[PDB]
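Remarks on the structure that follows.
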Amino acid sequence: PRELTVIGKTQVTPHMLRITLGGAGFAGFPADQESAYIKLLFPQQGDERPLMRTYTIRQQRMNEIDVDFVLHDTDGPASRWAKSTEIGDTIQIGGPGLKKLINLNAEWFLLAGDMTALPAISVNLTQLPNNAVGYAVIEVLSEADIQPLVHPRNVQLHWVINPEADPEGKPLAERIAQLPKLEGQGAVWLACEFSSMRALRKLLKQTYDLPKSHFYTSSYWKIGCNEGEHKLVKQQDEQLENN
Amino acid sequence: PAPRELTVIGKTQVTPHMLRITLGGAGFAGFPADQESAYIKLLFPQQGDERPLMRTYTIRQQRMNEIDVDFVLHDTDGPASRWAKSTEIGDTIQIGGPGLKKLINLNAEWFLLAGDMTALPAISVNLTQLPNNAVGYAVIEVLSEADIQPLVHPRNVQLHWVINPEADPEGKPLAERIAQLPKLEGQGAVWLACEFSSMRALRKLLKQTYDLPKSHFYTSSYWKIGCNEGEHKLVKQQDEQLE
Ligand SMILES: Cc1cc2nc3c(=O)[nH]c(=O)nc-3n(C[C@H](O)[C@H](O)[C@H](O)COP(=O)(O)OP(=O)(O)OC[C@H]3O[C@@H](n4cnc5c(N)ncnc54)[C@H](O)[C@@H]3O)c2cc1C
Ligand SMILES: Cc1cc2nc3c(=O)[nH]c(=O)nc-3n(C[C@H](O)[C@H](O)[C@H](O)COP(=O)(O)OP(=O)(O)OC[C@H]3O[C@@H](n4cnc5c(N)ncnc54)[C@H](O)[C@@H]3O)c2cc1C
């Protein structure tokens, strides 16, 4: 696995901390992997297997990537590492995985997620055509966490300010259910906390009934679960769904 | 009662002359629940020692941590309509309220709602509170056919749209439409709000047609031609006393 060096830190917003990774270990990293996922490896005391955490490549340059960390409640190893790490420190990473961008063969676009998906949504918005139409709906912890995102003028940005994730999964789904319905062939991309993902998925299956080719949904974390516990819930739900 | 500072977190052009602004954030904490169709006051600060100007708007929709307010993009901009067009996500505004909501009386066999675009938000909310088997009319005066909206409503509450590009100082359009509707049989409830002169014409008509108790007969002037809201408040208070 690759060893990258911390060469910068940027407080993007109060709860979003961006780490730049590069150095000699970056050599050979595949080009143009923005929005692809990587795995951060955290060594464990007394265990040869690392703990692993999934993050998005927010930006990529010739010899560097940026990774954006939500400074979430209830630190885990990854959010602790992001706050504590110092320039010059190194971290092993695996990946990148396959990019899962929104389908561009569509007349309108609906993107939604919470702050764990804001990096990927940011990248997707830069890949939409300039004449694109639709919505990007993002749940953030505070108004200060709103970002000035690049986006097509007619893809309307909507921010939902929710200081604590809702186990009932309402805030994003309630906002989107109360937006006008989009007409034409659409593409949907959403990722957020597990319960909000299910609520959005249910709502959007009912509103638009889109094929899987144009309907990406993913749970990125779950309240009360560290990432290992989350992967199980997620696989069970994606199977129960697909079946 | 110190005003709440809310952040603009979304904008949606509902129709060409109806612009919906979503407001929320930390200033929303504690906001009373279930206040759709209640009024709020927007504050526009003035130069120097001057107290701010205040404008009255309706809570169109309410969610966990935000409200939507629908602005008519009316002829002859005032501070509120100019503000709605120019404001950007991230901007803030102070609000007062909510006031007491005045929903149509539900103890009735039929329902008649009427108003112009300043009343379309409250009428929309009222239509969602009626029982599904409700019978009657909702008659709305809009500036153009494009300002007609696909409102949720009981199937047997019939929507009627009056298309009038400029308000009538004699107050004829809504009244002439409603005077020619079949008369409803049974115990009724009426709710109407529009430009002052049309309000007077409708109140007179429906007092004569149905002569309902005040418990079941709501009328309100929401604005007046040639008057800013301060000038309007005086006329409205004088007319409410005469009654
Ligand atoms: C494909 C993919 C891409 C992702 N990209 C990013 C990214 O770019 N940036 C990012 O910040 N996250 C991203 N995530 C989410 C990230 O993997 C999880 O948030 C992970 O749980 C964080 O690891 P951790 O060590 O801090 O917490 P863990 O040890 O996994 O969990 C500790 C505790 O924190 C809670 N918790 C975890 N995440 C959050 C959160 N966001 N809000 C509130 N509580 C939380 C857990 O429920 C648990 O209680 C991505 C997830 C996936 C599946
Ligand atoms: C209880 C209540 C609820 C209301 N809810 C809403 C609401 O949800 N949405 C909404 O748009 N309005 C609503 N109104 C009406 C709103 O208060 C007035 O339209 C207000 O005058 C607009 O403020 P302004 O600063 O733009 O104009 P002002 O500075 O008050 O007036 C400027 C000029 O514009 C004219 N004008 C004002 N409104 C209109 C109009 N609708 N059409 C044409 N000319 C107009 C005035 O006559 C004046 O010449 C409500 C009124 C009341 C009493």
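Can you compute the FRET efficiency between B:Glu50 and A:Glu48 using 1/(1 + (r/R0)^6), with r the Cβ-Cβ distance and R0 = 60 Å? Round to the nearest 0.05. Don't skip to the answer; put the middle values down first.
On the way: r = 72 Å, r/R0 = 1.20.
Taking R0 as 60 Å, the efficiency between B:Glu50 and A:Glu48 is 0.25.
Residues B:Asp239, B:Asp49, ranked from the fewest to the most other C-beta atoms within 10 Å, line up as B:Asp49, B:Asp239. Averaged over the residues of peptide B:13-25, the number of Cβ atoms from other protein chains lying within 10 Å of each residue's Cβ is 2. Bridgeable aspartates and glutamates around B:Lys236 (alpha carbons under 12 Å apart, same-chain partners fewer than 8 residues away excluded): B:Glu195.
Within 10 Å of each residue's Cβ, count the other Cβ atoms and sort B:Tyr218, B:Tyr57 from fewest upward.
In order of increasing Cβ crowding within 10 Å: B:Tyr218, B:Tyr57.
Cross-link partners of A:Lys234 among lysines, defined as those whose alpha carbon lies under 26 angstrom from its own and excluding same-chain residues fewer than eight positions apart: A:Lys39, A:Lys99, A:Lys100, A:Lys170, A:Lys202, A:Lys205, A:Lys212, A:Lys222.
Over segment B:90-212, how many pairs of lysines fall under 20 Å by alpha carbon, counting only those 8 or more apart in sequence or from different chains? Mind showing how you got there, number by number?
Numbers: B:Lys102/B:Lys207; B:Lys172/B:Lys183; B:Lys172/B:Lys204; B:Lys172/B:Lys207; B:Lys183/B:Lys204; B:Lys183/B:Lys207.
Pairs that pass both the separation and distance tests number 6.
In this structure, A:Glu86 and A:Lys205 have a Cβ-Cβ separation that, at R0 = 60 Å, corresponds to a calculated FRET efficiency of about 0.85.
Order by neighbour count: A:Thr54, A:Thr10, fewest other Cβ atoms within 10 Å first, most last. Spell out each step's value before the answer.
Numbers: A:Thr54 18, A:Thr10 11.
Fewest-to-most Cβ neighbours within 10 Å comes out as A:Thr10, A:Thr54.
Partners of B:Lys85 within straight-line reach, counting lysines whose Cα lies under 19 Å from its Cα and excluding those fewer than 8 residues away in the same chain: B:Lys11, B:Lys41.
Which shape class, rounded, prolate or oblate, goes with the protein assembly as shown when its Cα gyration tensor gives a ≥ b ≥ c as root eigenvalues, a/c under 1.5 marks rounded, and past that a/b bigger than b/c marks prolate?
Prolate, since a/c reaches 1.5 and a/b exceeds b/c.
FYI the Cβ positions are ideal-geometry reconstructions off the backbone, even for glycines, and counts take in every protein chain you see. Any read-out appearing in this document is the output of simple, stated calculations on the displayed coordinates, not a laboratory observation.
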